[PDB]
Amino acid sequence: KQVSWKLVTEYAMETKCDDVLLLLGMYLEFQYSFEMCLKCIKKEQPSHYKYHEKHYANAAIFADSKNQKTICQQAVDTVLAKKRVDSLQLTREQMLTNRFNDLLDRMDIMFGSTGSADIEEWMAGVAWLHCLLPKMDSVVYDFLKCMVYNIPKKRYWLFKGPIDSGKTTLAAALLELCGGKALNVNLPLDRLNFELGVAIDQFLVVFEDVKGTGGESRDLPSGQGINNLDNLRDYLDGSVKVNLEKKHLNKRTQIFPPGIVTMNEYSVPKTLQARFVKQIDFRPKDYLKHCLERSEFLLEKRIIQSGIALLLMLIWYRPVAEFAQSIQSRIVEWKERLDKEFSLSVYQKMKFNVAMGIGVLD
Amino acid sequence: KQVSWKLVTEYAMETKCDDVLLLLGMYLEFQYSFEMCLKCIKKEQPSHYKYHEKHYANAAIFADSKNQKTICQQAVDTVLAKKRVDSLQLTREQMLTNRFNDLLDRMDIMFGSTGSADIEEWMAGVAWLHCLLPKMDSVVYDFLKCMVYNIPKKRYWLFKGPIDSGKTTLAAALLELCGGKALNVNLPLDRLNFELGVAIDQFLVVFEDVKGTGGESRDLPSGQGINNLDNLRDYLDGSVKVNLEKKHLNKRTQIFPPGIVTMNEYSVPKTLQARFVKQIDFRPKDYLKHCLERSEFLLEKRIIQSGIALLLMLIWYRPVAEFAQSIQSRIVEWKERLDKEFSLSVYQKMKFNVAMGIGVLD
Amino acid sequence: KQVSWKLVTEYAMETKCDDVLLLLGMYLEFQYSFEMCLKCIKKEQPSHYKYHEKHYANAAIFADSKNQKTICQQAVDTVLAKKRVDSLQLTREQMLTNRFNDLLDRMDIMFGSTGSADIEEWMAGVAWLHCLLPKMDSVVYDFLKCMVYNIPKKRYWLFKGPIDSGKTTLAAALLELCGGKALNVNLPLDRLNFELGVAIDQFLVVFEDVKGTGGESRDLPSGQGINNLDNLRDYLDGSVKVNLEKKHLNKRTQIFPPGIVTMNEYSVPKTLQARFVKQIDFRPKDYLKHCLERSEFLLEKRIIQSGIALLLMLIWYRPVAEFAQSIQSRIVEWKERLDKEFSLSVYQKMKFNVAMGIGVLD
Amino acid sequence: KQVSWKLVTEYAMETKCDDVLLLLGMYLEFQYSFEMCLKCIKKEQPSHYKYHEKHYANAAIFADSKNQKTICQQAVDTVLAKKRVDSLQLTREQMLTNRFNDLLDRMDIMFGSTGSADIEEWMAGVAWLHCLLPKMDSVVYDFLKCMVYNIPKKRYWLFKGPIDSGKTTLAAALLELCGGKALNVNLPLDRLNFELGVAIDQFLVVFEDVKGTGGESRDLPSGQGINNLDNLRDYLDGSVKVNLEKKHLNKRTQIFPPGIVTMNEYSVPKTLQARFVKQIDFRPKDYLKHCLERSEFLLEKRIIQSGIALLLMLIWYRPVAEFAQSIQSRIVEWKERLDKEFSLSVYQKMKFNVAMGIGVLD
Amino acid sequence: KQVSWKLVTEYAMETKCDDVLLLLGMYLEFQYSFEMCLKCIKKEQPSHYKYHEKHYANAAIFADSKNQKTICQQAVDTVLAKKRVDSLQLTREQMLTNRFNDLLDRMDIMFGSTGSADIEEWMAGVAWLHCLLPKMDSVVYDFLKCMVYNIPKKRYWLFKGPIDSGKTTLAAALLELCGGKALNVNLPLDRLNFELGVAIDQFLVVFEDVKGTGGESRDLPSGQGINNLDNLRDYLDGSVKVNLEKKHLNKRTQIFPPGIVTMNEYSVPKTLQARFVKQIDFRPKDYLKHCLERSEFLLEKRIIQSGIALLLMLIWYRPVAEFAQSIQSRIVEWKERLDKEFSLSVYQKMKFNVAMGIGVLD
DNA sequence: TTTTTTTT
Ligand SMILES: Nc1ncnc2c1ncn2[C@@H]1O[C@H](COP(=O)(O)OP(=O)(O)OP(=O)(O)O)[C@@H](O)[C@H]1O
Ligand SMILES: Nc1ncnc2c1ncn2[C@@H]1O[C@H](COP(=O)(O)OP(=O)(O)OP(=O)(O)O)[C@@H](O)[C@H]1O
Ligand SMILES: Nc1ncnc2c1ncn2[C@@H]1O[C@H](COP(=O)(O)OP(=O)(O)OP(=O)(O)O)[C@@H](O)[C@H]1O
Ligand SMILES: Nc1ncnc2c1ncn2[C@@H]1O[C@H](COP(=O)(O)OP(=O)(O)OP(=O)(O)O)[C@@H](O)[C@H]1O
Ligand SMILES: Nc1ncnc2c1ncn2[C@@H]1O[C@H](COP(=O)(O)OP(=O)(O)OP(=O)(O)O)[C@@H](O)[C@H]1O
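Residues numbered from 1 in each chain as written, not as in the entry; some residues may be left out. Chains lettered and ligands numbered in written order. Part of a larger assembly, values for the part shown. Heavy atoms only, no water.

Per the deposited record, cryo-EM is how this structure was determined, to a resolution of 3 Å.

Shown next, in the form of structure tokens:
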């Protein structure tokens, strides 16, 4: 009796798996008796224990197959095709709406009955971020609109401030929220070709702390980052489709996605300054160090640098109407949970703790 | 029973889909019962909702196949082969009349019963564009003619001027009209070969804001595109059918397309200066800026970037007889629709507001 | 009758082999009779003698196969797929627990009846290592925790001091204790792309002997490793997923691992100094040298380089509670075995000899 | 029944089609009933209507094939192999035969229905050139035979003349007529090796003018090209095969092609002078330049830079017997055309205007 | 009837061939009638004449196969697989023992009844080599043990002395005896990367003729050799692994081999001096020069270059117990042959003749 | 074949 390639394809689709080796490895686990499957019994990974019983019979036949890599390749191609279809047909707002549903599904696990992390430590992170900048949640909402609208040559925000000002942290949290990638531009112009190939078919890019020049006056070690970017004015502008690499693969032509750039304070030529729409300034604050020095669980669990914390911040602060119409129900549900789990006075206490630079909890 | 590769290819031809993943993805959507297909019901995408009912049976059998990518390969190659054969056997006029028919087909939908575009917003775009330079439509006709005639060493026009002067904006609309390609050559000489590969079988090309030299006198940092163009002068002359390249494929002898260049004001070498039909200056004009600042929905919807605005402009400004012959029926049909929609007062009231710097729709 | 590919995949899994040639070459040995197999009878090599008699009949049929490399390719893929799955799903603690289990398995062999090693020689090395720094075992525990926790920015330790202060000796031991590989970044900037590719999916990294510049005053030969490092600033921070490259392969995206930097007494930019948690300051000492001269069986058997030596140190000094819970069973048996062999007086006698600069043994 | 691979290959040979996508594209068109075929009915392309009826039955079966691209690949190989075989049998006269037979077919466009500049203007260019210097038609036939005979040392002619002597304009027409390539030699020797390799396997070359070593003694730019050339002794002579050097590729070796040199009027060494077969000698003349200033459409059409004007000139002046035996059959036809087009008195009146300095077409 | 792939693989294993083309061509020769085979009858190559009779039948079927290169690939894979198994599993003593067996086999041919060599001339070779240094046979035995033990730090030997004082002669014979490859470090650092790639999987390396700097004080050409070496202190001391790279290959990681460094009288930094176990002085001795001048068959047959001569020297001088236990039987057999064919007095006479600087033989 | 190497 033969393998159902259809069952494999369905698993890959349902998992959103898009690496042939992950798919291969994952599917093989299901060859063993699901009844005794310790991973199921431990409820260890949902992408396993939800599926093992259903896929078990087909995995036993797959384990004998001579074709295995070919079956997995087709399944991965089906997932990749779905992404391309979506990218060409969804509005950007639907893309974000889908991305939000996925994060909310994780939150249903994180704070589920399994309760693998506690909502107090997570909510504590929100207060720390809210203190990081003035009017923080307003700044986040502006950024989301900007990325969704994707207005030509109004597409990039510049983060500037000293070392350890917090700019990388905020970028990292935003990048998780929207989904996207970081790219290193402090590199030679040749291999840079394939670096940009990474950006194919994605929502955001982040360029990290690109080195400028002449800042060694202030001991900013100089480098090609700024020179490199100014070759790519068109990529930022987003007025024209551009052609993107991959190894052993032909060009893809598409608009280069919007994003943000982080900078210790080298100088900027005005060709490039003209292309940022908004610069934000970041500053060291010792009481914030002191808070972290006590509340080190924030860093160990990477709470403050994670997009989940930004979503929780938005849920706490924004009217339900500001969310895309479909998810508004799930937002109401989480607003209710949060209002139930915390008084405002508790949140005010946490903010005061952060302000005092004591550990967030007392 | 067995997949009809014939029916697959027929859909590929009819959508003009020419990507193997895009084709693969979309055809798989047809495997479900079209009678409940929410996309059909909701009339979301014509590339789906027209074809689903027809292709359904074959798509179910396709969904079972083990050959899927290979089927899509042969289908795509038929689409590309049509393009190549058509590329040789048609006159540039016939090419352009095909392109215009395609855009007219979109417009028939965009202002159709779905009608999601306001004609008057779109016409406000036309006003802004014809306001950008005198006799805008007339210079557009001169450009179109020059590209149809495609005369050796009279095949390129230069746009030169400072940032935010609109040169990029105009190139976008022309390129969206003509169906060409952008290329970037601010790059290491040896690497450009596959970038030039994109020029295979294109009506037109555009080079964006190429890096020159000596402009750092004025904060324009130097780069190689200037020298690259000098070496590429062979293609710019377009005397002979150069053998263009693409990965894992045979190379392709053809005449290099004509095109446009945009420039912030670096030096020009005499040899490059020698090669143009024409130069055009571009000049920041604050009253337009003040208008857009109110009227920003124009730019949000990219109206002023989009060739559909130019086509509406030429329908408005130009004689029916100025168009190529066979389309002149559709020209009249659309001329009538504009004539039905507008008083000249409405247009003039708008163009007044544009000249002032008011919200165009006051 | 036909090859069982399943038996080959089992052998690959059981040996954890991931070279197609090594797998092939070993599997082919099983085709002769195990009953006369002199390697079995000499019981020379465990990856052979455990398995020959099981695999025998399938090896004989495999010897006749026309497909041999395809069979091995599928088997090696399964072992590679297993690693990929684990690299997503295991905790860093659980990885380290696995790594320990395998070293402990080699320790069971080395000190077995096969008796390739003298535990007294190996314990001598622990005395030399524990003498090299204050509170040596505490330093190892703090480092291991740091690598398990992987706290952003707080990820890297800097080793510096004169040449011949044992810094690379110590780095080697840690690197063998964990998983990982070394890297040399004094390179030209372009080849660096493939240098960093080595880090993919690994646990530790060690940057080896980074040349600074300006050290020529201290007679240090000079180079660009430090300036290269300050370009890789985000790789140290580990705050966001970077892109990594191998020859003929698409870029992987992942967090760059934590690790150690070794150098002589150059200076370091603030941007890079800010990225080290801890700076260990090694010193030349004569008694270590004069002891080691009279103790050269240490170097001749590579004892003080090797991870097995550090593991013996931890088993001696650290409480059973400090190990991950599942290995505490094996740890207790090894603790018993050690004390059954060595009195404290014997160990202190060894440390006394080292402190005296006498040959460790007496 | 089944696709005849035989018939597909016949068409590829008969059309000399040597691109797999074109072959695929065109052959697919035959699948419709030729009896109705509108392309046949309108005689639009011979490459179609010559063949459709014969190939139709095979094309119907071809359209159902699942191997289609593979059939076309084998067919294209056959055509490429034919070129490969013949490339090793070409006499230089047989080579020349084709290289003009090609241009006669191109000229079936030049004054076909395309007719894109006046056959009058084209002969007016011929008029203007024929009175630059003596007997120009004979001079072409002589230079032509020189390049076909390729007699060692007896292979190179020199254009000596000041700035604006026309030698560059002439050189344009020469390479245009004949093929070959232009080259520089004023590089530093350090560079020049690769530049010399560029000539590899061209039938002919031009050298762009040496900037005289000490040439500015004449008020003409100084440079290195003199000593560079006379150091390149043997390349000129073609006595023996020489090594040649492509960038990024290994050596090749070949008899160095014959050709042409341009010079402004520098201090040619006796040795360097002795290399040449024939100086030709050029200076400003007033009827010429003032006629240009009155015939400027010829420069705008660059006809006076045109080798096609030279081919036209030979077609006019020279005996039929001077052309190779069979290709002669075409030249009479263009003469017949040109004679029906023009009396002598026309070409006379044109020539008179040039001699008078009058605008040639007056 | 079928081809036996097994018989081909046996021949490949038997001949140790690992080039597919060399394997292919040789097997095809067996298809002609062994019963008349001229190559057999001339006894030209053992690799042919030993096997033709055996493989004749299979080669006849092989000659008709359509799969020929596919068969050879699997065969060559088997030989490469054998090498990689051996590469990991053998001891360094086992490796050398195998190497010795190979030379002993070649000697059995060279001096056989078919033997084209002269055992007396090769014995004259041993006399000249034994004269080149003090204690020569004791010195060789010391060098070998050093390579077999591969003790870190204690790994490398330095040769120095004038030009034409024999150093590379000895290096070449040692390199032939052990196997290994020579390296050139007198480079800029960029190419040095692929240079070291040669060392992968070698038993020995020789650093030929390292240029110091400042030897120009005494007319030695200055260069970057020594300066490049002292970067690589880890590579010599061999305590820890290094990364190694070849063109088009992913990096490997291993202990860098032991080896020899050679120079004229350049100055040596003490940093480098401490790297070496031993330094051997060579001095030009005129009686050797006059002996070669009268004993030219030594040079012309390359006798004194050959590792076979050093092997003969070991066989003649060393006690049987010094060889690896397995080969001691062959050593006894060769010692018997040599003691039979040469008296001690005769060998001593040759040694006396070399001391006289007269020709070796009388 | 591309890529990597070459090239700078
Ligand atoms: N505003 C702040 N005040 C004090 N400490 C801060 C602040 N922001 C960040 N930190 C500390 O700095 C560390 C690094 O933050 P982050 O990487 O976001 O800064 P950055 O300015 O982007 O730095 P860099 O340019 O070096 O990447 C944080 O983990 C936290 O410990
Ligand atoms: N003539 C103009 N006057 C004022 N604003 C202008 C003008 N043209 C363009 N703009 C503004 O400049 C923005 C960018 O226009 P565009 O990219 O076409 O200019 P550009 O001259 O090509 O610039 P750059 O050289 O920086 O790419 C537009 O979105 C619009 O907001
Ligand atoms: N603290 C010490 N005092 C004196 N000698 C030492 C000390 N530590 C190591 N040694 C000696 O130094 C030798 C080399 O050690 P190692 O290679 O680790 O030195 P290193 O200074 O860390 O080297 P590098 O800087 O080149 O990596 C050891 O084999 C030992 O002989
Ligand atoms: N025979 C001629 N008589 C007068 N003017 C001439 C003649 N030939 C060319 N010209 C003038 O010379 C100008 C440049 O022509 P061309 O480049 O062909 O000359 P050249 O001698 O090769 O020049 P250069 O050495 O400067 O490159 C033409 O545009 C024309 O004005
Ligand atoms: N000890 C010696 N006394 C005299 N002549 C010698 C001696 N050794 C070598 N020769 C002569 O020197 C020639 C070259 O020897 P060899 O190539 O080994 O020299 P080298 O000094 O090691 O060279 P290099 O350093 O250039 O590689 C030999 O062929 C022989 O003629």
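Alright, that's what it looks like, and here's the rest.
1. Considering the environment of E:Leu129
Residues and elements named next belong to chain E. Note on placement: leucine 129 falls in helix α8 (residues 119-132). Put simply, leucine 129 and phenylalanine 143 are 14 residues apart on the chain and 15 Å apart in space, counted from C-alpha to C-alpha. When neighbours within four sequence positions are excluded, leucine 129 is seen to be in contact with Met136, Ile304, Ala309 and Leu310. (Helix = DSSP H or I, 4+ residues; strand = E, 2+ residues; numbered from the N terminus. Contact = heavy atoms within 4.5 Å.)

2. Observations concerning the packing of helix α2 (residues 20-29) of chain E against helix α6 (residues 68-89) of chain E
Residues and elements named next belong to chain E. Packing of α2 against α6 brings their axes to within 9 Å, and their N-to-C directions diverge by 120°. The orientation of α2 relative to α6 falls into the category oblique. For α2 against α6, the interelement crossing comes out right-handed. Touching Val20, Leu23, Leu24 and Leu28 of α2 are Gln68, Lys69, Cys72, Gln73, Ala75 and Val76, all from α6. Here the contact of α2 with α6 is composed, by residue class, of seven nonpolar, two polar and one charged. (Axes fitted to C-alpha atoms, helices over the stretch in contact; angles between N-to-C directions. Parallel < 35°, antiparallel > 145°, perpendicular 65-115°, else oblique. Left-handed = near helix turned anticlockwise from the far one by under 90°. Nonpolar A, V, L, I, M, F, W, Y, C, P; charged D, E, K, R; others polar.)

3. A short note on the relation of the copies chain C and chain A
At an RMSD of 0.7 Å, chain C and chain A line up after a rotation of 59° and a shift of 1.7 Å along the axis. What we have between these two chains is a six-fold relation. Proximity to the rotation axis, assessed at the C-alpha, singles out C:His248 in chain C; its C-alpha lies 7.2 Å from the axis. By residue overlap, the copies meet through two different surfaces: only 9% of the interface positions of chain C are interface positions in chain A. (Least-squares fit on C-alpha atoms.)

4. Some details on the pattern of salt bridges
All chains considered together, the criterion is met by 105 salt bridges over all chains. In this structure, B:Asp77 and D:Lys69 form a salt bridge, with 2.8 Å as the shortest nitrogen-oxygen distance. Taken together, the residues B:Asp77 in helix α6 (residues 68-89) and D:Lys69 in helix α6 (residues 68-87) connect one chain to another. You can call B:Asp77 buried: its relative accessible area is 8%. Exposure remark for D:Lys69: the relative accessible area of 34% places this residue in the partly exposed category. Linking C:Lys82 and C:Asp86 is a salt bridge whose minimum nitrogen-to-oxygen distance equals 2.8 Å. Remark: C:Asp86 and C:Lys82 occur in helix α6 (residues 68-89); sequence separation between them is four residues, near one turn of the helix. Each of C:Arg191, C:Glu195, C:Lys247, E:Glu245 and E:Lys251 takes part in a single network of salt bridges with overlapping partners. (Salt bridge = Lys/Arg side-chain N within 4 Å of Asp/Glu carboxyl O. Buried < 20%, exposed > 50% of the residue type's maximum accessible area, 1.4 Å probe, protein only.)

5. Overview of the site of ligand 1
The environment of ligand 1 is made up of 18 residues, and the closest members are A:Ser165, A:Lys167, A:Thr168, A:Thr169 and C:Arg275. The environment of ligand 1 is shared, with nearby residues belonging to chains A and C. Within the side chain of A:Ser165, a nitrogen or oxygen atom sits 2.7 Å from an oxygen atom of ligand 1. The fraction of the free accessible surface of ligand 1 (640 Å²) that becomes covered by protein chains is 91%. (Near = heavy atom within 4 Å. Polar contact = N/O pair within 3.5 Å; in protein donor to acceptor, adjacent residues only side chain to side chain. Areas by Shrake-Rupley, 256 points an atom, 1.4 Å probe, with all protein chains shown as cover.)

6. Here's the deal with the state of the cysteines
All chains considered together, the criterion is met by zero disulfides over all chains. Free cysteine: E:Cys131, not disulfide-bonded; nearest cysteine sulfur from E:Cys291 at 8.3 Å. (Disulfide = S-S within 2.5 Å.)

7. Comments concerning the site of ligand 4
Residue and element names in this part refer to chain D. Close contacts around ligand 4 come from 15 residues, with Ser165, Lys167, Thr168, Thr169 and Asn264 the closest. In this structure, an oxygen atom belonging to ligand 4 sits 2.8 Å away from a main-chain N or O atom of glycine 166. A total of 630 Å² of accessible area belongs to ligand 4 in isolation, and the protein chains cover 74% of it. When residues of the shell around ligand 4 are traced back to their parent elements, those giving at least two are α10 (167-178) and α15 (286-292). Broken down by element, the residue count for the shell around ligand 4 peaks at three residues, all from α10. For the shell around ligand 4, the per-class residue count stands at five nonpolar, five polar and five charged.

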